[PDB]
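Undergrad: Here it is, the structure, as structure tokens.
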Amino acid sequence: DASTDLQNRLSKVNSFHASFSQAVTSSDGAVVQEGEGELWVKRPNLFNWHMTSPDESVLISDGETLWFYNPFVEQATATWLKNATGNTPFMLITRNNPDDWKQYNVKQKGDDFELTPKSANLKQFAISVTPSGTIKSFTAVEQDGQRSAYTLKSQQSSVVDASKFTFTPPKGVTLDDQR
Amino acid sequence: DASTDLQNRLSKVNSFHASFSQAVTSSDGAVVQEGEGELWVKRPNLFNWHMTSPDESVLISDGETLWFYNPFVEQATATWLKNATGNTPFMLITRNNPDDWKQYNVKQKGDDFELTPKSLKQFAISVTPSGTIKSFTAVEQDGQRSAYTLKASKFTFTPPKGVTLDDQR
Amino acid sequence: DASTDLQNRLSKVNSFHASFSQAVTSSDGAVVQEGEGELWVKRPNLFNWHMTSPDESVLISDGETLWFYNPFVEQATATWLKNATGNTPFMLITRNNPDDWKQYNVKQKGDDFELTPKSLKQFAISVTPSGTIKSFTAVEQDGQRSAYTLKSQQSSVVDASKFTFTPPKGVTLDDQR
């Protein structure tokens, strides 16, 4: 019931945009880092995730290649998307693949879902999503108790020009091409 | 006996306040973060731990409920204190529970105590003979180190409006 | 093959200095921290690693003792270097010890080497044929990545004073020696 319901809710909106706030907190309650950004998702296999502060970070899927880019160390990494897995709440959300969801035991409390893996450094993921499909927040907890929490705002369902899901490494950027 | 000595020292001061500095350093020596805050402890079961810089976070036990709060993402988590464990040096210190201490092999060097789990890598706590806590450190298996140095309505919490509470109770 | 080539390149420059930028990135692409500093190495067994931003941090080997120092919390830690291990890409580089390298399966693609432990997820090191180290990265099992990029590497021999450390006044020393 819980897993099927979560999947049904995520299936309702396949092209959306939203801003986010992030807080990484150790088990003792100390903040490791806080940041902000925005994200765009177009199922299937397309996304643009951009952390804008306090440091910039770029993660984009053009449908074939998954790109990671850090402007500060002037490095990018390229991999084939087909090799990627649902290893972060955001990746699970972009894929919404039944084969991924079956690897977790899912519990539901209203709009709040908790996912605990069936085998083994994660402890559990949490995703809050309304009945109509609005993603409100998501969290990843590690075995050491560290928590990575995201809250989403201004969530709008729209289809943006495909140009958002493309990336070419900027001039002067060293590409670690694992493809 | 090092465990007994540590417990004896901790049991000397059951109600206290201190300000703290914190530094989180990875095994390669890179600083992950540095911060400051203050804390109040009143055994049994009450505390207020507050990081004030550079990012605010609150951890409070009202004696029944353990609350975590992060104003930046406006989230709070409530759990029953009965279910908490001494999984951080601060928690071990607030509880000072023999049942927690017996889960560690404790070595002593003057005021410096090192604790290794029988079943993280290790915790360290420095406390004077009179029970003044000077510092405590937690080390993970990957070598990351979290080091702290130390220098009634307080034990209550009411989630502010617009805060989303994950009530695990 | 690859491990022998990596070692051969590292053996060409035993005394050098470099400036570095660092970026710690979680598996979701979120930057945990960014920083910069400089480092000096003189094999065997001597080094001075200094982070200037976001906050000061100092890691020095005077050839016998390994020192960690954080001025903000006013703490230092001393241990015997003989007990140190090649537990980070930086330490592996300072040691360039065949006995360390053997604990890893090494793959090569031009100047890019990738090391996977036989018994941490992976380490990666880039070094030119002439011995110029360009970058190194560590990846944990949780997918968090610590990436260092090296700039202005100079093969030089600085004064021996760079490889010494005395705890400043008022710093508490955790002497594990």
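Chain labels run A, B, ... following the order of the structure tokens; each chain numbers its residues from 1, and ligands are numbered from 1 in the order shown.
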List the spatial neighbours of residue 36 (chain B) as an MDAnalysis selection string - criterion: any atom at most 9 Å away, only C-alpha atoms, same-chain residues fewer than 3 positions off excluded.
TA: chainID B and resid 19:23 50:54 148
Undergrad: Using only C-alpha atoms, which residues sit within 12 Å of residue 141 (chain C) once same-chain residues fewer than 2 positions away are excluded, as a list in words?
TA: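 Once the nearby chain positions are removed, what remains is residues 87, 120, 121, 122, 142 and 143 of chain A; 141 and 142 of chain B; 26, 27, 116, 117, 120, 121, 122, 123, 138, 139, 143, 144 and 145 of chain C.
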Undergrad: Report the closest atom pair, with its distance in Å rounded to one decimal, for each residue of chain A that has an atom no farther than 12 Å from chain B; count only C-alpha atoms, sort by chain and then rising residue number, and write it as a Markdown table.
TA:
| residue | atom | partner | partner_atom | distance |
| --- | --- | --- | --- | --- |
| A:20 | CA | B:73 | CA | 9.0 |
| A:21 | CA | B:73 | CA | 6.0 |
| A:22 | CA | B:73 | CA | 6.6 |
| A:23 | CA | B:73 | CA | 6.6 |
| A:24 | CA | B:70 | CA | 9.9 |
| A:25 | CA | B:57 | CA | 8.6 |
| A:26 | CA | B:146 | CA | 9.7 |
| A:27 | CA | B:88 | CA | 7.3 |
| A:28 | CA | B:88 | CA | 6.2 |
| A:29 | CA | B:59 | CA | 6.3 |
| A:30 | CA | B:57 | CA | 6.6 |
| A:31 | CA | B:55 | CA | 6.3 |
| A:32 | CA | B:33 | CA | 6.0 |
| A:33 | CA | B:33 | CA | 7.7 |
| A:34 | CA | B:55 | CA | 7.6 |
| A:35 | CA | B:72 | CA | 9.1 |
| A:36 | CA | B:73 | CA | 9.9 |
| A:109 | CA | B:168 | CA | 10.1 |
| A:110 | CA | B:166 | CA | 11.5 |
| A:111 | CA | B:166 | CA | 11.2 |
| A:112 | CA | B:166 | CA | 8.7 |
| A:113 | CA | B:166 | CA | 11.1 |
| A:114 | CA | B:168 | CA | 11.2 |
| A:121 | CA | B:142 | CA | 11.8 |
| A:126 | CA | B:166 | CA | 10.4 |
| A:127 | CA | B:166 | CA | 11.5 |
| A:128 | CA | B:166 | CA | 10.4 |
| A:136 | CA | B:164 | CA | 10.3 |
| A:137 | CA | B:73 | CA | 9.6 |
| A:138 | CA | B:73 | CA | 11.3 |
| A:139 | CA | B:75 | CA | 11.1 |
| A:143 | CA | B:120 | CA | 9.7 |
| A:144 | CA | B:120 | CA | 7.2 |
| A:145 | CA | B:87 | CA | 9.0 |
| A:146 | CA | B:140 | CA | 11.5 |
| A:147 | CA | B:70 | CA | 11.5 |
| A:148 | CA | B:73 | CA | 10.9 |
| A:149 | CA | B:73 | CA | 7.8 |
| A:150 | CA | B:73 | CA | 7.3 |
| A:151 | CA | B:73 | CA | 6.2 |
| A:152 | CA | B:73 | CA | 9.3 |
| A:153 | CA | B:73 | CA | 10.7 |
Undergrad: Which residue gives the smallest distance to chain C among A:158, A:97, A:88, A:4, with only C-alpha atoms counted?
TA: A:88
Undergrad: Write out as a PyMOL selection string each polymer residue whose atoms come within 9 Å of residue 178 (chain A), counting only C-alpha atoms; drop sequence neighbours fewer than 3 positions from it.
TA: chain A and resi 77-80
Undergrad: Generate the output file for the selected residues, C-alpha atoms, as a PDB file, in the first residue's frame.
TA:
ATOM      1  CA  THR A  77      32.585  14.715 -14.376  1.00  0.00           C
ATOM      2  CA  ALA A  78      30.683  12.853 -17.117  1.00  0.00           C
ATOM      3  CA  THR A  79      29.077   9.394 -16.746  1.00  0.00           C
ATOM      4  CA  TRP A  80      26.372   7.458 -18.673  1.00  0.00           C
TER       5      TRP A  80
END
Undergrad: If you count only C-alpha atoms, which residues fall within 8 Å of region 97-109 of chain C, apart from same-chain ones fewer than 5 positions away, as a list in words?
TA: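 My list of contacting residues is residues 2, 3, 7, 86, 92, 114, 115, 116, 117, 118 and 119 of chain C.
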Undergrad: Just the helix (DSSP H, G or I) stuff from chain A, please, per backbone DSSP, written as a PyMOL selection string.
TA: chain A and resi 2-11+81-83+89-95+98-101+162-165
Undergrad: Please produce a file of those selected residues containing N, CA and C atoms, as a short mmCIF file (atom, residue, chain, number, x, y, z; two decimals), in the first residue's frame.
TA:
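And here is the file that came out, again15.cif:
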data_model
loop_
_atom_site.label_atom_id
_atom_site.label_comp_id
_atom_site.auth_asym_id
_atom_site.auth_seq_id
_atom_site.Cartn_x
_atom_site.Cartn_y
_atom_site.Cartn_z
N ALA A 2 1.75 1.44 0.97
CA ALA A 2 2.57 2.68 1.08
C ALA A 2 3.42 2.98 -0.16
N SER A 3 4.14 1.98 -0.62
CA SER A 3 5.00 2.17 -1.79
C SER A 3 4.17 2.51 -3.02
N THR A 4 3.10 1.76 -3.23
CA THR A 4 2.22 2.00 -4.38
C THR A 4 1.63 3.40 -4.35
N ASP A 5 1.25 3.85 -3.16
CA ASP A 5 0.66 5.18 -3.02
C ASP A 5 1.71 6.25 -3.33
N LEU A 6 2.90 6.13 -2.75
CA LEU A 6 4.00 7.09 -3.04
C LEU A 6 4.26 7.17 -4.56
N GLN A 7 4.37 6.01 -5.19
CA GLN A 7 4.60 5.98 -6.63
C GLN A 7 3.46 6.65 -7.39
N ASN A 8 2.21 6.36 -6.98
CA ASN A 8 1.02 6.94 -7.63
C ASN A 8 1.06 8.48 -7.51
N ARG A 9 1.40 8.99 -6.33
CA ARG A 9 1.52 10.44 -6.14
C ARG A 9 2.64 11.06 -6.98
N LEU A 10 3.81 10.42 -7.03
CA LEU A 10 4.92 10.97 -7.81
C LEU A 10 4.62 10.93 -9.31
N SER A 11 3.83 9.94 -9.74
CA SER A 11 3.43 9.79 -11.16
C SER A 11 2.53 10.92 -11.69
N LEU A 81 24.15 7.97 -17.88
CA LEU A 81 23.00 7.98 -17.01
C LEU A 81 22.52 6.58 -16.70
N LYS A 82 22.66 5.69 -17.68
CA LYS A 82 22.23 4.29 -17.55
C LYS A 82 22.94 3.59 -16.40
N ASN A 83 24.10 4.11 -16.02
CA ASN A 83 24.87 3.53 -14.93
C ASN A 83 24.43 4.07 -13.58
N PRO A 89 17.60 10.66 -2.45
CA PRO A 89 16.14 10.91 -2.60
C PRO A 89 15.84 11.63 -3.91
N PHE A 90 16.65 12.63 -4.25
CA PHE A 90 16.43 13.33 -5.51
C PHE A 90 16.51 12.38 -6.72
N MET A 91 17.50 11.49 -6.76
CA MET A 91 17.60 10.57 -7.90
C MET A 91 16.38 9.64 -7.95
N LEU A 92 15.88 9.22 -6.79
CA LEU A 92 14.72 8.34 -6.72
C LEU A 92 13.51 9.04 -7.28
N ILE A 93 13.38 10.30 -6.91
CA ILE A 93 12.30 11.14 -7.37
C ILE A 93 12.33 11.37 -8.88
N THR A 94 13.52 11.64 -9.44
CA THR A 94 13.62 11.87 -10.90
C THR A 94 13.31 10.63 -11.74
N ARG A 95 13.68 9.45 -11.21
CA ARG A 95 13.46 8.17 -11.93
C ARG A 95 12.05 7.59 -11.80
N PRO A 98 9.64 1.70 -10.45
CA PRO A 98 9.19 0.65 -9.55
C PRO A 98 10.34 -0.28 -9.07
N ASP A 99 11.36 -0.50 -9.92
CA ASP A 99 12.49 -1.39 -9.59
C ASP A 99 13.36 -0.81 -8.47
N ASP A 100 13.35 0.51 -8.36
CA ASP A 100 14.05 1.20 -7.29
C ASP A 100 13.24 1.09 -5.98
N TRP A 101 11.93 1.36 -6.05
CA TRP A 101 11.10 1.41 -4.86
C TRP A 101 11.01 0.06 -4.14
N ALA A 162 13.70 22.51 -23.60
CA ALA A 162 14.67 21.41 -23.42
C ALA A 162 16.11 21.88 -23.20
N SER A 163 16.42 23.12 -23.58
CA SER A 163 17.76 23.67 -23.40
C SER A 163 18.24 23.62 -21.93
N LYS A 164 17.30 23.62 -20.99
CA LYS A 164 17.61 23.52 -19.57
C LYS A 164 18.36 22.20 -19.26
N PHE A 165 18.07 21.14 -20.02
CA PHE A 165 18.67 19.82 -19.78
C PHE A 165 19.87 19.46 -20.66
#
Undergrad: Please, which residues of chain C lie no more than 7 Å from chain A when the count uses only C-alpha atoms, and can they be set out as an mmCIF file with N, CA, C and O atoms, in the first residue's frame?
TA:
data_model
loop_
_atom_site.group_PDB
_atom_site.id
_atom_site.type_symbol
_atom_site.label_atom_id
_atom_site.label_comp_id
_atom_site.auth_asym_id
_atom_site.auth_seq_id
_atom_site.Cartn_x
_atom_site.Cartn_y
_atom_site.Cartn_z
ATOM 1 N N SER C 21 43.181 23.950 -4.222
ATOM 2 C CA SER C 21 41.786 24.310 -3.981
ATOM 3 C C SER C 21 41.161 22.964 -3.654
ATOM 4 O O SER C 21 41.585 21.944 -4.182
ATOM 5 N N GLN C 22 40.132 22.976 -2.827
ATOM 6 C CA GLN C 22 39.461 21.750 -2.377
ATOM 7 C C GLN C 22 37.969 21.979 -2.429
ATOM 8 O O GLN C 22 37.518 23.079 -2.119
ATOM 9 N N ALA C 23 37.220 20.913 -2.760
ATOM 10 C CA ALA C 23 35.748 20.948 -2.801
ATOM 11 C C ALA C 23 35.232 19.600 -2.306
ATOM 12 O O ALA C 23 35.546 18.575 -2.930
ATOM 13 N N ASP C 28 24.762 13.702 -3.670
ATOM 14 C CA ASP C 28 23.628 14.409 -4.316
ATOM 15 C C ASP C 28 24.093 15.697 -5.044
ATOM 16 O O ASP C 28 23.264 16.445 -5.565
ATOM 17 N N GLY C 29 25.404 15.920 -5.065
ATOM 18 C CA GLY C 29 25.988 17.104 -5.686
ATOM 19 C C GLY C 29 26.042 18.338 -4.789
ATOM 20 O O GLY C 29 26.540 19.394 -5.213
ATOM 21 N N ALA C 30 25.578 18.237 -3.548
ATOM 22 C CA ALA C 30 25.605 19.396 -2.641
ATOM 23 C C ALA C 30 27.005 19.642 -2.086
ATOM 24 O O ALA C 30 27.652 18.720 -1.593
ATOM 25 N N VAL C 31 27.492 20.875 -2.226
ATOM 26 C CA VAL C 31 28.783 21.256 -1.664
ATOM 27 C C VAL C 31 28.685 21.353 -0.137
ATOM 28 O O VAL C 31 27.871 22.098 0.421
ATOM 29 N N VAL C 32 29.488 20.559 0.551
ATOM 30 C CA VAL C 32 29.537 20.578 1.988
ATOM 31 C C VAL C 32 30.511 21.685 2.404
ATOM 32 O O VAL C 32 30.223 22.457 3.315
ATOM 33 N N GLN C 141 32.280 5.493 0.953
ATOM 34 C CA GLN C 141 31.230 4.531 0.645
ATOM 35 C C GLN C 141 29.857 5.214 0.507
ATOM 36 O O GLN C 141 29.008 4.746 -0.275
ATOM 37 N N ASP C 142 29.656 6.331 1.220
ATOM 38 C CA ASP C 142 28.390 7.071 1.124
ATOM 39 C C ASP C 142 28.380 7.973 -0.118
ATOM 40 O O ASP C 142 27.434 8.726 -0.330
ATOM 41 N N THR C 149 42.560 20.150 -6.295
ATOM 42 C CA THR C 149 43.190 20.542 -7.549
ATOM 43 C C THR C 149 44.448 21.275 -7.149
ATOM 44 O O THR C 149 44.411 22.122 -6.265
#
Undergrad: Which residue gives the smallest distance to residue 46 (chain C) among C:19, C:33, C:161, C:61, with only C-alpha atoms counted?
TA: C:61
Undergrad: Using only C-alpha atoms and a cut-off of 9 Å, which residues of chain C sit close to chain B? Please list them as a PDB file with N, CA and C atoms, in the first residue's frame.
TA:
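Output saved as out-v5.pdb:
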ATOM      1  N   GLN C  22      40.132  22.976  -2.827  1.00  0.00           N
ATOM      2  CA  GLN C  22      39.461  21.750  -2.377  1.00  0.00           C
ATOM      3  C   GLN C  22      37.969  21.979  -2.429  1.00  0.00           C
ATOM      4  N   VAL C  24      34.481  19.616  -1.196  1.00  0.00           N
ATOM      5  CA  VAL C  24      33.898  18.397  -0.626  1.00  0.00           C
ATOM      6  C   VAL C  24      32.450  18.423  -1.095  1.00  0.00           C
ATOM      7  N   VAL C  32      29.488  20.559   0.551  1.00  0.00           N
ATOM      8  CA  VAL C  32      29.537  20.578   1.988  1.00  0.00           C
ATOM      9  C   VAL C  32      30.511  21.685   2.404  1.00  0.00           C
ATOM     10  N   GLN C  33      31.648  21.756   1.714  1.00  0.00           N
ATOM     11  CA  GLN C  33      32.655  22.769   1.984  1.00  0.00           C
ATOM     12  C   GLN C  33      33.651  22.977   0.845  1.00  0.00           C
ATOM     13  N   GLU C  34      34.148  24.208   0.763  1.00  0.00           N
ATOM     14  CA  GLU C  34      35.133  24.608  -0.232  1.00  0.00           C
ATOM     15  C   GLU C  34      36.289  25.257   0.520  1.00  0.00           C
ATOM     16  N   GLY C  35      37.495  25.061   0.032  1.00  0.00           N
ATOM     17  CA  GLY C  35      38.642  25.665   0.700  1.00  0.00           C
ATOM     18  C   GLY C  35      39.870  25.791  -0.179  1.00  0.00           C
ATOM     19  N   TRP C  49      51.255  20.739   5.420  1.00  0.00           N
ATOM     20  CA  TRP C  49      49.958  20.888   4.760  1.00  0.00           C
ATOM     21  C   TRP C  49      49.210  21.997   5.516  1.00  0.00           C
ATOM     22  N   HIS C  50      48.832  23.059   4.801  1.00  0.00           N
ATOM     23  CA  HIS C  50      48.216  24.223   5.420  1.00  0.00           C
ATOM     24  C   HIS C  50      46.960  24.745   4.703  1.00  0.00           C
ATOM     25  N   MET C  51      45.821  24.637   5.355  1.00  0.00           N
ATOM     26  CA  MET C  51      44.584  25.153   4.804  1.00  0.00           C
ATOM     27  C   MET C  51      44.430  26.548   5.363  1.00  0.00           C
ATOM     28  N   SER C  53      41.660  28.750   4.004  1.00  0.00           N
ATOM     29  CA  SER C  53      40.200  28.992   3.965  1.00  0.00           C
ATOM     30  C   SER C  53      39.475  27.650   3.816  1.00  0.00           C
ATOM     31  N   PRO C  54      38.264  27.501   4.393  1.00  0.00           N
ATOM     32  CA  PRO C  54      37.426  28.433   5.173  1.00  0.00           C
ATOM     33  C   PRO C  54      38.000  28.823   6.523  1.00  0.00           C
ATOM     34  N   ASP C  55      38.753  27.921   7.122  1.00  0.00           N
ATOM     35  CA  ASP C  55      39.362  28.195   8.405  1.00  0.00           C
ATOM     36  C   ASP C  55      40.753  27.591   8.435  1.00  0.00           C
ATOM     37  N   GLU C  56      41.625  28.129   9.274  1.00  0.00           N
ATOM     38  CA  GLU C  56      42.970  27.579   9.383  1.00  0.00           C
ATOM     39  C   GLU C  56      43.022  26.147   9.917  1.00  0.00           C
ATOM     40  N   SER C  57      43.868  25.333   9.283  1.00  0.00           N
ATOM     41  CA  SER C  57      44.112  23.962   9.747  1.00  0.00           C
ATOM     42  C   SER C  57      45.529  23.634   9.295  1.00  0.00           C
ATOM     43  N   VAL C  58      46.276  22.942  10.142  1.00  0.00           N
ATOM     44  CA  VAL C  58      47.688  22.653   9.940  1.00  0.00           C
ATOM     45  C   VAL C  58      47.975  21.189  10.201  1.00  0.00           C
ATOM     46  N   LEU C  59      48.689  20.560   9.277  1.00  0.00           N
ATOM     47  CA  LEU C  59      49.067  19.138   9.404  1.00  0.00           C
ATOM     48  C   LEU C  59      50.525  19.102   9.005  1.00  0.00           C
ATOM     49  N   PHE C  68      48.649  17.644  14.218  1.00  0.00           N
ATOM     50  CA  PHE C  68      47.398  18.216  13.726  1.00  0.00           C
ATOM     51  C   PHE C  68      47.124  19.413  14.658  1.00  0.00           C
ATOM     52  N   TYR C  69      46.845  20.567  14.078  1.00  0.00           N
ATOM     53  CA  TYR C  69      46.555  21.777  14.812  1.00  0.00           C
ATOM     54  C   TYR C  69      45.394  22.606  14.244  1.00  0.00           C
ATOM     55  N   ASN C  70      44.479  22.953  15.148  1.00  0.00           N
ATOM     56  CA  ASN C  70      43.327  23.792  14.828  1.00  0.00           C
ATOM     57  C   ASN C  70      43.366  25.023  15.734  1.00  0.00           C
ATOM     58  N   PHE C  72      41.331  27.566  15.994  1.00  0.00           N
ATOM     59  CA  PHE C  72      40.053  28.022  16.517  1.00  0.00           C
ATOM     60  C   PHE C  72      39.679  27.364  17.828  1.00  0.00           C
ATOM     61  N   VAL C  73      39.777  26.031  17.898  1.00  0.00           N
ATOM     62  CA  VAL C  73      39.485  25.333  19.138  1.00  0.00           C
ATOM     63  C   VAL C  73      40.743  25.256  20.061  1.00  0.00           C
ATOM     64  N   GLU C  74      41.879  25.823  19.631  1.00  0.00           N
ATOM     65  CA  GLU C  74      43.130  25.841  20.414  1.00  0.00           C
ATOM     66  C   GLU C  74      43.595  24.439  20.786  1.00  0.00           C
ATOM     67  N   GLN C  75      43.570  23.546  19.806  1.00  0.00           N
ATOM     68  CA  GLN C  75      43.962  22.159  20.040  1.00  0.00           C
ATOM     69  C   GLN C  75      44.958  21.623  19.036  1.00  0.00           C
ATOM     70  N   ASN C  87      46.317   6.679   4.644  1.00  0.00           N
ATOM     71  CA  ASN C  87      44.850   6.689   4.748  1.00  0.00           C
ATOM     72  C   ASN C  87      44.084   7.751   3.963  1.00  0.00           C
ATOM     73  N   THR C  88      44.837   8.618   3.298  1.00  0.00           N
ATOM     74  CA  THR C  88      44.290   9.663   2.471  1.00  0.00           C
ATOM     75  C   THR C  88      45.180   9.761   1.240  1.00  0.00           C
ATOM     76  N   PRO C  89      44.661  10.331   0.142  1.00  0.00           N
ATOM     77  CA  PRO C  89      45.492  10.523  -1.055  1.00  0.00           C
ATOM     78  C   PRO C  89      46.743  11.355  -0.723  1.00  0.00           C
ATOM     79  N   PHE C  90      46.578  12.442   0.043  1.00  0.00           N
ATOM     80  CA  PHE C  90      47.735  13.228   0.434  1.00  0.00           C
ATOM     81  C   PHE C  90      48.799  12.336   1.155  1.00  0.00           C
ATOM     82  N   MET C  91      48.406  11.535   2.143  1.00  0.00           N
ATOM     83  CA  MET C  91      49.411  10.711   2.852  1.00  0.00           C
ATOM     84  C   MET C  91      50.083   9.697   1.936  1.00  0.00           C
ATOM     85  N   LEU C 120      36.150   3.551   2.861  1.00  0.00           N
ATOM     86  CA  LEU C 120      36.683   4.176   1.656  1.00  0.00           C
ATOM     87  C   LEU C 120      36.151   3.428   0.448  1.00  0.00           C
ATOM     88  N   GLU C 140      34.106   8.272  -0.538  1.00  0.00           N
ATOM     89  CA  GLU C 140      33.699   7.407   0.571  1.00  0.00           C
ATOM     90  C   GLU C 140      32.611   6.469   0.105  1.00  0.00           C
ATOM     91  N   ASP C 174      47.098  17.111  22.855  1.00  0.00           N
ATOM     92  CA  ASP C 174      46.686  15.717  23.065  1.00  0.00           C
ATOM     93  C   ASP C 174      47.896  14.958  22.532  1.00  0.00           C
TER      94      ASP C 174
END
Undergrad: Extract, using only C-alpha atoms, all DNA, RNA and protein residues at most 10 Å from residue 62 (chain B), discarding same-chain residues fewer than 3 positions from it, and format them as a ChimeraX atom specification.
TA: /B:45-48,65-67,80-81,152-157
Undergrad: Identify, on the basis of only C-alpha atoms, every residue whose closest approach to residue 6 (chain B) does not exceed 10 Å; exclude the query and any residue fewer than 4 positions from it along the same chain; express the result as a PyMOL selection string.
TA: chain B and resi 1-2+10-11+96+101+106-108+111-113+125-129+131
Undergrad: Out of B:109, B:169, B:103, B:117, which residue has the shortest atom-to-atom distance to residue 82 (chain B) when counting only C-alpha atoms?
TA: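 Comparing B:109, B:169, B:103, B:117 against residue 82 (chain B), the winner is B:169.
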Undergrad: Between CA of residue 144 (chain B) and CA of residue 6 (chain C), what is the spacing in Å?
TA: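 CA of residue 144 (chain B) lies at a distance of 27.6 Å from CA of residue 6 (chain C).
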Undergrad: If you measure from CA of residue 8 (chain C) to CA of residue 127 (chain C), what distance in Å do you get, rounded to one decimal?
TA: 10.5 Å
Undergrad: Just list the residues in region 36-82 of chain B DSSP gives strand (DSSP E) on the backbone, as a compact mmCIF listing (two decimals) with N, CA and C atoms, in the first residue's frame.
TA:
# COMPACT_ATOMS: atom_id res chain seq x y z
N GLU B 36 30.15 27.79 17.13
CA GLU B 36 30.05 28.14 18.54
C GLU B 36 28.59 28.07 19.00
N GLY B 37 28.42 28.03 20.30
CA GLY B 37 27.08 28.02 20.88
C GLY B 37 27.18 27.91 22.39
N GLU B 38 26.08 27.48 23.00
CA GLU B 38 26.01 27.30 24.45
C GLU B 38 25.08 26.17 24.78
N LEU B 39 25.21 25.68 26.02
CA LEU B 39 24.45 24.56 26.48
C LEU B 39 24.15 24.59 27.95
N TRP B 40 23.00 24.06 28.31
CA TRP B 40 22.59 23.94 29.70
C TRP B 40 22.21 22.48 29.93
N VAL B 41 22.62 21.92 31.07
CA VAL B 41 22.29 20.53 31.42
C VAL B 41 21.75 20.52 32.86
N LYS B 42 20.69 19.74 33.10
CA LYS B 42 20.13 19.56 34.44
C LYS B 42 19.70 18.10 34.56
N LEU B 46 17.15 16.58 31.52
CA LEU B 46 16.92 17.88 30.92
C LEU B 46 18.18 18.53 30.36
N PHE B 47 18.05 19.09 29.15
CA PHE B 47 19.09 19.86 28.49
C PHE B 47 18.61 20.79 27.38
N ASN B 48 19.46 21.79 27.12
CA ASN B 48 19.27 22.76 26.06
C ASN B 48 20.65 23.01 25.47
N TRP B 49 20.79 22.55 24.22
CA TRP B 49 22.01 22.63 23.42
C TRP B 49 21.63 23.52 22.26
N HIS B 50 22.42 24.58 22.11
CA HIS B 50 22.15 25.59 21.12
C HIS B 50 23.37 26.08 20.35
N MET B 51 23.45 25.75 19.07
CA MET B 51 24.54 26.21 18.22
C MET B 51 24.02 27.56 17.73
N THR B 52 24.82 28.62 17.89
CA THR B 52 24.43 29.96 17.49
C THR B 52 25.16 30.52 16.32
N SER B 53 26.29 29.92 15.95
CA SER B 53 27.07 30.38 14.81
C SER B 53 27.87 29.23 14.22
N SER B 57 21.07 25.97 15.33
CA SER B 57 20.35 24.70 15.48
C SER B 57 20.12 24.54 16.97
N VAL B 58 19.01 23.89 17.30
CA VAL B 58 18.57 23.68 18.64
C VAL B 58 18.28 22.22 18.92
N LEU B 59 18.74 21.74 20.08
CA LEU B 59 18.46 20.37 20.55
C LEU B 59 18.05 20.51 22.02
N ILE B 60 16.81 20.16 22.32
CA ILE B 60 16.29 20.31 23.68
C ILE B 60 15.54 19.11 24.20
N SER B 61 15.84 18.71 25.44
CA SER B 61 15.09 17.66 26.11
C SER B 61 14.26 18.32 27.19
N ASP B 62 12.94 18.13 27.15
CA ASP B 62 12.06 18.67 28.20
C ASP B 62 11.82 17.60 29.29
N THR B 65 10.14 14.59 25.90
CA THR B 65 10.33 14.68 24.46
C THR B 65 11.69 15.28 24.10
N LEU B 66 12.37 14.70 23.10
CA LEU B 66 13.63 15.21 22.59
C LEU B 66 13.29 15.95 21.32
N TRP B 67 13.66 17.22 21.26
CA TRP B 67 13.38 18.02 20.10
C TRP B 67 14.62 18.51 19.33
N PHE B 68 14.57 18.39 18.01
CA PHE B 68 15.59 18.97 17.19
C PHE B 68 14.88 19.99 16.35
N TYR B 69 15.54 21.13 16.15
CA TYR B 69 14.98 22.21 15.35
C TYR B 69 16.01 22.96 14.54
N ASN B 70 15.69 23.17 13.26
CA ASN B 70 16.53 23.90 12.32
C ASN B 70 15.68 25.01 11.70
N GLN B 75 12.20 23.18 10.08
CA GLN B 75 11.77 21.81 10.43
C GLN B 75 12.12 21.50 11.86
N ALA B 76 11.29 20.68 12.49
CA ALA B 76 11.53 20.21 13.84
C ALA B 76 11.22 18.70 13.83
N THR B 77 11.88 17.95 14.70
CA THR B 77 11.62 16.50 14.86
C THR B 77 11.42 16.26 16.37
N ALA B 78 10.35 15.55 16.73
CA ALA B 78 10.06 15.19 18.11
C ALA B 78 10.13 13.69 18.23
N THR B 79 10.77 13.24 19.30
CA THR B 79 10.84 11.82 19.59
C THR B 79 10.74 11.67 21.11
N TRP B 80 10.42 10.49 21.62
CA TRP B 80 10.33 10.33 23.05
C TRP B 80 11.75 10.11 23.58
Undergrad: Can you pull out the residues contacting residue 125 (chain C)? Cut-off 8 Å, using only C-alpha atoms, and skip same-chain residues under 3 positions away; I want them as a list in words.
TA: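 Skipping anything fewer than 3 positions along the chain leaves residues 89, 112, 113, 114, 133, 134, 135, 136 and 137 of chain C.
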